[PDB]
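Visitor: This one is run_38.pdb, PDB, C-alpha atoms (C1' of nucleotides).
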```pdb
MODEL        1
ATOM      1  CA  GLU A  12    -136.257 131.280 -66.389
ATOM      2  CA  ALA A  13    -138.247 133.831 -68.402
ATOM      3  CA  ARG A  14    -135.863 132.164 -70.833
ATOM      4  CA  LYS A  15    -137.858 128.988 -71.292
ATOM      5  CA  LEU A  16    -140.920 130.599 -72.807
ATOM      6  CA  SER A  17    -139.002 132.524 -75.409
ATOM      7  CA  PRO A  18    -137.961 129.042 -76.700
ATOM      8  CA  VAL A  19    -141.390 127.538 -76.442
ATOM      9  CA  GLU A  20    -142.103 130.507 -78.704
ATOM     10  CA  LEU A  21    -139.101 130.244 -81.006
ATOM     11  CA  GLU A  22    -139.816 126.514 -81.019
ATOM     12  CA  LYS A  23    -143.305 127.119 -82.403
ATOM     13  CA  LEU A  24    -141.722 129.655 -84.734
ATOM     14  CA  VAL A  25    -139.667 126.950 -86.440
ATOM     15  CA  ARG A  26    -142.284 124.226 -86.017
ATOM     16  CA  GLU A  27    -144.198 126.664 -88.162
ATOM     17  CA  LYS A  28    -141.529 127.756 -90.587
ATOM     18  CA  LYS A  29    -141.525 124.012 -91.142
ATOM     19  CA  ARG A  30    -144.888 123.732 -92.910
ATOM     20  CA  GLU A  31    -144.204 127.267 -94.063
ATOM     21  CA  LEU A  32    -142.391 124.900 -96.375
ATOM     22  CA  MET A  33    -143.592 121.330 -97.021
ATOM     23  CA  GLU A  34    -145.258 122.480-100.204
ATOM     24  CA  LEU A  35    -142.275 124.150-101.911
ATOM     25  CA  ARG A  36    -143.696 127.583-101.091
ATOM     26  CA  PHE A  37    -141.160 129.500 -98.990
ATOM     27  CA  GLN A  38    -138.086 130.944-100.768
ATOM     28  CA  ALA A  39    -135.877 131.865 -97.782
ATOM     29  CA  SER A  40    -135.031 128.172 -97.166
ATOM     30  CA  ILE A  41    -131.842 128.692 -95.203
ATOM     31  CA  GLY A  42    -132.546 132.055 -93.672
ATOM     32  CA  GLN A  43    -135.595 131.395 -91.551
ATOM     33  CA  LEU A  44    -134.847 127.688 -90.991
ATOM     34  CA  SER A  45    -131.237 127.052 -90.250
ATOM     35  CA  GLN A  46    -132.640 129.783 -88.046
ATOM     36  CA  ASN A  47    -132.810 127.370 -85.076
ATOM     37  CA  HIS A  48    -129.116 126.598 -85.657
ATOM     38  CA  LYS A  49    -129.022 129.048 -82.750
ATOM     39  CA  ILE A  50    -132.386 130.535 -81.874
ATOM     40  CA  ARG A  51    -133.982 127.456 -80.244
ATOM     41  CA  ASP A  52    -130.637 125.922 -79.284
ATOM     42  CA  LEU A  53    -128.043 128.655 -78.747
ATOM     43  CA  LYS A  54    -129.620 130.559 -75.898
ATOM     44  CA  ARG A  55    -131.107 127.252 -74.791
ATOM     45  CA  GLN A  56    -127.731 126.929 -73.133
ATOM     46  CA  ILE A  57    -129.153 128.033 -69.842
ATOM     47  CA  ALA A  58    -126.636 127.318 -67.109
ATOM     48  CA  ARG A  59    -128.700 126.572 -64.030
ATOM     49  CA  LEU A  60    -126.869 129.412 -62.321
ATOM     50  CA  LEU A  61    -125.221 127.568 -59.451
TER      51      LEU A  61
ATOM     52  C1'   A B   1    -102.394  62.218-182.590
ATOM     53  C1'   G B   2     -99.146  65.923-179.148
ATOM     54  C1'   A B   3     -98.585  69.929-175.950
ATOM     55  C1'   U B   4     -98.319  73.907-171.353
ATOM     56  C1'   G B   5    -101.935  77.951-169.763
ATOM     57  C1'   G B   6    -106.389  80.601-167.307
ATOM     58  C1'   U B   7    -110.462  79.621-163.634
ATOM     59  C1'   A B   8    -110.726  79.465-156.417
ATOM     60  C1'   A B   9    -116.297  77.277-153.317
ATOM     61  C1'   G B  10    -112.665  77.732-149.698
ATOM     62  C1'   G B  11    -107.618  77.010-147.694
ATOM     63  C1'   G B  12    -102.218  78.055-146.882
ATOM     64  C1'   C B  13     -97.834  81.770-146.304
ATOM     65  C1'   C B  14     -96.423  86.900-146.507
ATOM     66  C1'   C B  15     -97.462  92.686-146.179
ATOM     67  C1'   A B  16    -100.654  96.656-144.578
ATOM     68  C1'   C B  17    -104.616  98.316-141.831
ATOM     69  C1'   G B  18    -108.142  97.698-137.929
ATOM     70  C1'   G B  19    -110.962  95.135-133.785
ATOM     71  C1'   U B  20    -110.469  92.792-129.167
ATOM     72  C1'   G B  21    -107.532  92.154-124.973
ATOM     73  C1'   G B  22    -104.413  94.230-121.372
ATOM     74  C1'   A B  23     -98.966  92.868-120.962
ATOM     75  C1'   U B  24     -94.822  96.498-120.776
ATOM     76  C1'   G B  25     -92.786 101.422-119.239
ATOM     77  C1'   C B  26     -93.697 105.757-116.361
ATOM     78  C1'   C B  27     -96.641 107.194-112.472
ATOM     79  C1'   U B  28     -98.835 106.941-106.750
ATOM     80  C1'   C B  29    -104.559 109.898-101.426
ATOM     81  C1'   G B  30    -101.269 102.953-100.482
ATOM     82  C1'   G B  31     -98.352  99.062 -98.145
ATOM     83  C1'   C B  32     -93.963  96.887 -95.794
ATOM     84  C1'   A B  33     -89.571  97.246 -92.546
ATOM     85  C1'   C B  34     -86.692  99.523 -88.880
ATOM     86  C1'   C B  35     -85.650 103.372 -85.396
ATOM     87  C1'   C B  36     -87.368 106.997 -82.228
ATOM     88  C1'   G B  37     -91.668 108.859 -79.395
ATOM     89  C1'   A B  38     -95.694 107.721 -76.828
ATOM     90  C1'   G B  39     -98.909 104.125 -73.897
ATOM     91  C1'   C B  40    -104.707 102.777 -71.110
ATOM     92  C1'   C B  41    -110.278 103.574 -71.741
ATOM     93  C1'   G B  42    -114.819 102.595 -68.667
ATOM     94  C1'   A B  43    -121.399 103.444 -64.035
ATOM     95  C1'   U B  44    -119.248 111.351 -64.783
ATOM     96  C1'   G B  45    -121.815 104.802 -68.827
ATOM     97  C1'   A B  46    -116.185 102.637 -72.430
ATOM     98  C1'   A B  47    -114.894  99.760 -76.747
ATOM     99  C1'   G B  48    -118.206  98.971 -80.403
ATOM    100  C1'   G B  49    -123.089  99.797 -82.587
ATOM    101  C1'   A B  50    -128.648 100.920 -84.008
ATOM    102  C1'   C B  51    -131.531 104.876 -85.419
ATOM    103  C1'   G B  52    -131.927 109.901 -86.409
ATOM    104  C1'   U B  53    -130.042 114.407 -88.049
ATOM    105  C1'   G B  54    -129.142 119.106 -94.219
ATOM    106  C1'   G B  55    -134.493 123.934 -97.303
ATOM    107  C1'   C B  56    -133.806 119.827-101.796
ATOM    108  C1'   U B  57    -129.994 114.149 -99.814
ATOM    109  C1'   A B  58    -128.533 107.594-102.006
ATOM    110  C1'   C B  59    -124.063 106.964 -99.967
ATOM    111  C1'   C B  60    -119.564 108.665 -97.352
ATOM    112  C1'   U B  61    -118.157 112.092 -93.530
ATOM    113  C1'   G B  62    -119.703 114.852 -89.537
ATOM    114  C1'   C B  63    -122.639 115.585 -85.356
ATOM    115  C1'   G B  64    -126.813 113.936 -81.616
ATOM    116  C1'   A B  65    -133.870 115.849 -81.022
ATOM    117  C1'   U B  66    -129.492 122.221 -78.843
ATOM    118  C1'   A B  67    -128.252 117.055 -84.074
ATOM    119  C1'   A B  68    -122.305 118.792 -91.002
ATOM    120  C1'   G B  69    -123.681 121.609 -84.892
ATOM    121  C1'   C B  70    -123.995 125.477 -79.270
ATOM    122  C1'   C B  71    -120.851 128.611 -75.495
ATOM    123  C1'   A B  72    -115.601 130.464 -74.073
ATOM    124  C1'   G B  73    -110.576 131.582 -74.483
ATOM    125  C1'   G B  74    -106.173 131.208 -77.779
ATOM    126  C1'   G B  75    -104.248 131.088 -82.923
ATOM    127  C1'   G B  76    -105.231 133.239 -87.565
ATOM    128  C1'   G B  77    -106.496 137.207 -91.701
ATOM    129  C1'   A B  78    -110.078 136.588 -96.579
ATOM    130  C1'   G B  79    -112.917 134.155 -97.812
ATOM    131  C1'   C B  80    -117.025 130.887 -96.122
ATOM    132  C1'   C B  81    -122.166 127.585 -95.675
ATOM    133  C1'   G B  82    -118.033 119.142 -95.470
TER     134        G B  82
ENDMDL
END
```
Output the structure of this file as structure tokens.

Guide:
Amino acid sequence: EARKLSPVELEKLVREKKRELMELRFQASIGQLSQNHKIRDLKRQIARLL
RNA sequence: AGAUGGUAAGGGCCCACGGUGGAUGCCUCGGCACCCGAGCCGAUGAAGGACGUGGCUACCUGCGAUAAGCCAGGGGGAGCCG
């Protein structure tokens, strides 16, 4: 469960990389954005052990 | 007084060359028939949909706020981000 926290973080990360854009001012478009395409998601696949 | 020619505003026929239009022929991610095979799906929420999803996205196609995708195993063997 220390898991959910890392996400809350990663979540903010993206919900930050977001406006990191908005005004076309962030040249790593894919990189740090399709980021979540795993981080925040993948490893959000927490199997309630049991 | 006598006589048969030229002139074409435009028209007619014929030849050539174009325009338009899409027959014809040749094609074919399609269709039709028949014969085999195969034959249920749903409150573990179906069939069908709405809306939303991409760094830039109108539509189509994918997916579902984990959103053109996530984990695992198997197959593959150089290109991939429809």

Visitor: Check what the PyMOL selection byres ((chain B) within 7 of (chain A)) selects in the file above and give those residues as a PyMOL selection string.

Guide: chain B and resi 55+66+70

Visitor: Quote the spacing between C1' of residue 58 in chain B and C1' of residue 29 in chain B in Å to one decimal place.

Guide: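 One can read the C1' of residue 58 in chain B to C1' of residue 29 in chain B distance as 24.1 Å.
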
Visitor: Can you measure CA of residue 27 in chain A to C1' of residue 65 in chain B for me? One decimal in Å is fine.

Guide: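 A separation of 16.6 Å between them.
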
Visitor: Just the number, please: distance in Å from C1' of residue 71 in chain B to CA of residue 58 in chain A, one decimal.

Guide: 10.3 Å

Visitor: If the PyMOL selection byres ((chain B and resi 45-52) around 10) were run on this exact file, what residues would it hold? Put them as a ChimeraX atom specification.

Guide: /B:41-44,53,64-65,67
